[PDB]
12 protein chains.
Amino acid sequence: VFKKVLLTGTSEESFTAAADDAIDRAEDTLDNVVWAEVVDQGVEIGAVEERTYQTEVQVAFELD
Amino acid sequence: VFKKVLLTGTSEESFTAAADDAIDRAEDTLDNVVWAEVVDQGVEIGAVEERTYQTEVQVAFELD
Amino acid sequence: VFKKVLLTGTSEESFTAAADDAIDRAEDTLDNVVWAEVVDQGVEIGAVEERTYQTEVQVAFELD
Amino acid sequence: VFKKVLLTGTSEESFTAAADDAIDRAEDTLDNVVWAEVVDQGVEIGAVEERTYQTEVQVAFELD
Amino acid sequence: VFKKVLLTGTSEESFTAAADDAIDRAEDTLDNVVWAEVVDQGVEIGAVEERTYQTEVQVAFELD
Amino acid sequence: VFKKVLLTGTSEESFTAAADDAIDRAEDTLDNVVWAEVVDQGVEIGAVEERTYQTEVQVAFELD
Amino acid sequence: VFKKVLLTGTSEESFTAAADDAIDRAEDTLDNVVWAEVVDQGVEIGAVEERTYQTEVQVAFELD
Amino acid sequence: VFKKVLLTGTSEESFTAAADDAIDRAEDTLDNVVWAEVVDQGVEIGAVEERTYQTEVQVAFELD
Amino acid sequence: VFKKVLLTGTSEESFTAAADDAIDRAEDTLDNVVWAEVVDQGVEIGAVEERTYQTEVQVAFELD
Amino acid sequence: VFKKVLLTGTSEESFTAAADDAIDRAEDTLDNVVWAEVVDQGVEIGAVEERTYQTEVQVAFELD
Amino acid sequence: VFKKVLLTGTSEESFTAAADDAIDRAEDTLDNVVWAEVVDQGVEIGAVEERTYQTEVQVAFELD
Amino acid sequence: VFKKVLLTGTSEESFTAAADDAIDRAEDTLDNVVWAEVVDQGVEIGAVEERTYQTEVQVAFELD
Ligand SMILES: [Cl-]
Ligand SMILES: [Cl-]
Ligand SMILES: [Cl-]
Ligand SMILES: [Cl-]
Ligand SMILES: [Mg+2]
Ligand SMILES: [Mg+2]
Ligand SMILES: [Mg+2]
Ligand SMILES: [Mg+2]
Ligand SMILES: [Mg+2]
Ligand SMILES: [Mg+2]
Ligand SMILES: [Mg+2]
Ligand SMILES: [Mg+2]
Ligand SMILES: [Mg+2]
Ligand SMILES: [Mg+2]
Ligand SMILES: [Mg+2]
Ligand SMILES: [Mg+2]
Ligand SMILES: [Mg+2]
Ligand SMILES: [Mg+2]
Ligand SMILES: [Mg+2]
Ligand SMILES: [Mg+2]
Ligand SMILES: [Mg+2]
Ligand SMILES: [Mg+2]
Ligand SMILES: [Mg+2]
Ligand SMILES: [Mg+2]
Ligand SMILES: [Mg+2]
Ligand SMILES: [Mg+2]
Ligand SMILES: [Mg+2]
Ligand SMILES: [Mg+2]
Ligand code: NA
Ligand code: NA
Ligand code: NA
Ligand code: NA
């Protein structure tokens, strides 16, 4: 059985790096992370000093 | 990194109050709740004495 | 077996009340109304004296 | 010919009032506003003192 | 308040049995599982000895 | 001209059998049923003694 | 309150004429038809002597 | 950089002609119109003497 | 077993004729074309002398 | 690089078996079939002696 | 009240840089740009000497 | 007439490079590749030594 968690990663460099930021966090806390699916991408402009790319991912991990 | 949880709040008064019901529950248990996105709305009619409005929300919170 | 009818209710007060307007009509004519799912919301501005909120719902009822 | 503008209204009271906030702004600046379609709803929690409901609408107006 | 978890169950027999596999796992770990909504179906062919049907479900459970 | 009715069939056995349950009901009451399109699938867990699979279908029938 | 019926009209001439075919049928049987929304378009090629255009519409009519 | 405007054209003849009606209006007021994407089609029946076809288009134009 | 190919037909006359243009091409090269489903419509304005309507279709054909 | 082909399988028994029917055909003609994603399900009722379940799948295969 | 404009940025380097190209243009002409949401990505191959990545964004800005 | 093929490219570097990987393969085998539309993005984590970005594209090419 796989479970997914819905995470938004952020990066000041790129959408790819924002995806990685989310996946890195998942791997810090979860065992057996297997894949991720991109579900949204965006850019924060007003609340930040530097534009921040965001990529939201469903991160799948195998239970047991 | 933000994480979202998918919650359905309920209210006998309104769709807004049902959203609040979900958000209230998130804030009881989670730190750093930042926003919520409505993903569905419905009304329970048959299994209840009074019509119950429901609003399903992705509730986002900041990790760390 | 459940069947759904696709109804648009209207209200000069709110989206919740417009949903109720549709559900009320369903209950006038149908037995065993069980739930409703919101599928669209809108506001009529030009053809009306007062802004009219509309909520379109699939209203489910149990056959037999 | 109708044209639509994509506006997000806000309210500390309700999703209906947030829709109105967007429509009010459209009517301040545009002639012949005819209808609005809700396309998204959300709640701002972290960046505000009071929860703020938001309703995003396509607001249609008649050209000429 | 209901919460949903997004689970992918698997089966070498059928899509129905894959849904059950996910629901069984939810019921092992959660109290008050109430319903599930199918959100995706697929078949694993290359990484397996026997074709494996998968059904991804949002599994809803009542909080408290 | 074809017309569709939106029916949810149920079964304690499978999603296929739940589709059939809806189609059977349509054929009891309508002439000239021609096809059905699956639009949703779900499982009722809490309100039932045995898990009940549901399949919602648009059932098309030829008018005249 | 408006209600919609989901009709597929057909024509050997065009998608517009297929929409009209559905609307004509609605107006034969229903009072107060107000609008229609196109939801799908297709072409039947194999089961027919001449290609047949089809347009599926939600046809809205005012109740009472 | 391209920008899109969301226009609904109308015609008493066809969906194609309604698309053209929107595009014509865009070309009256904008330089460098390059393409249009159909996003919705509908028919106005009740508020008009003759059925009026409508086609909503995103009309893209090149900035600078 | 049916297979679909995703084709974009073009016409300087109409969306219907653009669909036909795609279907004609499919029938030139494939046996047993049975139906087509419209998936997108657009208009090319800038790269052409005359506006060109386009209709993208999944064209289904029976294998064997 | 993976490529997908869009196939509709059929079965007089079940949606699972209809998926298999499509996948079987892909494996007859293609090397390195790896997975399939269900994209639609339906039932043919009028043109057949026995109800025929159909499952449409994107079947992915590895190029080279 | 926020308003969104729908812009397609382009880049010969990456999808991230194409998003930036759109956002840069918005910031040249608009005050109070706050965020952007990616709605589509594509690559122009035939009409260009070098492949050109495109990213279409809704760019939100605060009115007043 | 344009035809599209649905390809998933892969890269250990970025989503842009994964799109290119798919487009490169299309250009190896097809004449007159004109554009590509991104339809999905994902990351393979478990079955690989290094995270592999994937971008799925519809690649359009002109027939004849
Ligand atoms: Cl828009
Ligand atoms: Cl989710
Ligand atoms: Cl419907
Ligand atoms: Cl496809
Ligand atoms: Mg930096
Ligand atoms: Mg988002
Ligand atoms: Mg009360
Ligand atoms: Mg729901
Ligand atoms: Mg009042
Ligand atoms: Mg509507
Ligand atoms: Mg207050
Ligand atoms: Mg939003
Ligand atoms: Mg077995
Ligand atoms: Mg999936
Ligand atoms: Mg049993
Ligand atoms: Mg449902
Ligand atoms: Mg003729
Ligand atoms: Mg259809
Ligand atoms: Mg005329
Ligand atoms: Mg519309
Ligand atoms: Mg001509
Ligand atoms: Mg297109
Ligand atoms: Mg049999
Ligand atoms: Mg289908
Ligand atoms: Mg360069
Ligand atoms: Mg696009
Ligand atoms: Mg490397
Ligand atoms: Mg995918
Ligand atoms: Na989730
Ligand atoms: Na219906
Ligand atoms: Na817009
Ligand atoms: Na395809």
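What counts, and where the lines are drawn
- Residues numbered from 1 in each chain as written, not as in the entry; some residues may be left out.
- Chains lettered and ligands numbered in written order.
- Heavy atoms only, no water.
- Helix = DSSP H or I, 4+ residues; strand = E, 2+ residues; numbered from the N terminus.
- Expected span 1.5 Å × (residues − 1).
- Buried < 20%, exposed > 50% of the residue type's maximum accessible area, 1.4 Å probe, protein only.
- Polar contact = N/O pair within 3.5 Å; in protein donor to acceptor, adjacent residues only side chain to side chain.
- Contact = heavy atoms within 4.5 Å.
- Buried area = accessible area lost by both parts, 1.4 Å probe.
- Nonpolar A, V, L, I, M, F, W, Y, C, P; charged D, E, K, R; others polar.
- Pairing = 2+ DSSP bridges.
- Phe/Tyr/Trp six-rings, centres within 6.5 Å; stacked < 30°, edge-to-face > 60°.
- Least-squares fit on C-alpha atoms.
- UniProt positions renumbered as here; feature names shortened; annotations may be inferred.

**A few points about helix α1 (residues 15-29) of chain I**
Each α-helix turn comprises 3.6 residues. Residues three or four places apart therefore point the same way.
Residue and element names in this part refer to chain I.
1) Next: Along its 15 residues, α1 runs 22 Å from first to last C-alpha, staying within 8% of the 21 Å computed at 1.5 Å per residue.
2) Next: Of the residues making up α1, those classed as buried are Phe15, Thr16, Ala18, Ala19, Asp20, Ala22, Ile23 and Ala26.
3) Next: The N-capping residue of α1, defined by a side-chain oxygen 3.4 Å from the backbone nitrogen of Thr16, is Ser14.

**Regarding the interface of chain A and chain L**
1) Next: Counting from both sides, the interface comprises 14 residues of chain A and, opposite them, 11 residues of chain L.
2) Next: Regarding the contact of chain A and chain L, the summed buried area is about 990 Å², with carbon and sulfur atoms giving 50% of it.
3) Next: Taken together, the links from chain A to chain L amount to nine residue pairs in polar contact.
4) Next: For the side of chain A that touches chain L, the secondary-structure elements that each account for two or more residues are α1 (15-29) and β2 (33-44) of chain A.
5) Next: Classifying every residue of the side of chain A that touches chain L by side-chain character gives eight nonpolar, two polar and four charged.
6) Next: For β2 of chain A and strand β2 (residues 33-44) of chain L, the ladder comprises three bridges, and the chain directions are antiparallel. Residue pairing across strands places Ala36 of chain A opposite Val43 of chain L, the latter belonging to β2 of chain L.

**A closer look at the packing of aromatic side chains**
Residue and element names in this part refer to chain F.
1) Next: Within this structure, the stated rule accounts for 24 aromatic pairs over all chains.
2) Next: Here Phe15 and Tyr53 contribute two aromatic rings whose centre-to-centre distance is 5.6 Å and whose plane-to-plane angle is 80°, an arrangement assigned as edge-to-face. With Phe15 in helix α1 (residues 15-29) and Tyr53 in strand β3 (residues 52-62), this residue pair connects regions lying 38 residues apart in the sequence. Both residues of the pair, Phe15 and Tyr53, belong to the buried class.

**A closer look at the relation of the copies chain A and chain L**
1) Next: Overlaying chain A with chain L gives an RMSD of 0.0 Å, the required rotation being 120° about an axis along which the chain moves by 0.0 Å. On this basis, the relationship between the two copies can be described by a three-fold rotation axis.
2) Next: A share of only 14% of interface residues in chain A that are also interface residues in chain L marks the association as one of differing surfaces.

**Section: the UniProt feature "binding site: Mg(2+) 3" (unreviewed entry) in chain A**
All names here are of chain A.
1) Next: Under the present numbering, the feature "binding site: Mg(2+) 3" (unreviewed entry) in UniProt falls on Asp40.
2) Next: Since its relative accessible area comes to 40%, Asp40 is described here as partly exposed.
3) Next: In contact with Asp40, other than residues within four places in its own chain, are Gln54, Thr55 and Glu56.

**Describing the environment of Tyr53 of chain G**
1) Next: Classification of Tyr53 of chain G by relative accessible area gives buried; the value is 4%.
2) Next: Once residues lying within four places of it in the same chain are set aside, the contact partners of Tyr53 of chain G are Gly9, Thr10, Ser11, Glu12, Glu13, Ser14, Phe15, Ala18, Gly42 and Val43 of chain G together with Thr16 and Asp20 of chain I.
3) Next: In this structure the side chain of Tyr53 of chain G is engaged in a polar contact, spanning 2.5 Å, whose partner is the side chain of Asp20 of chain I.

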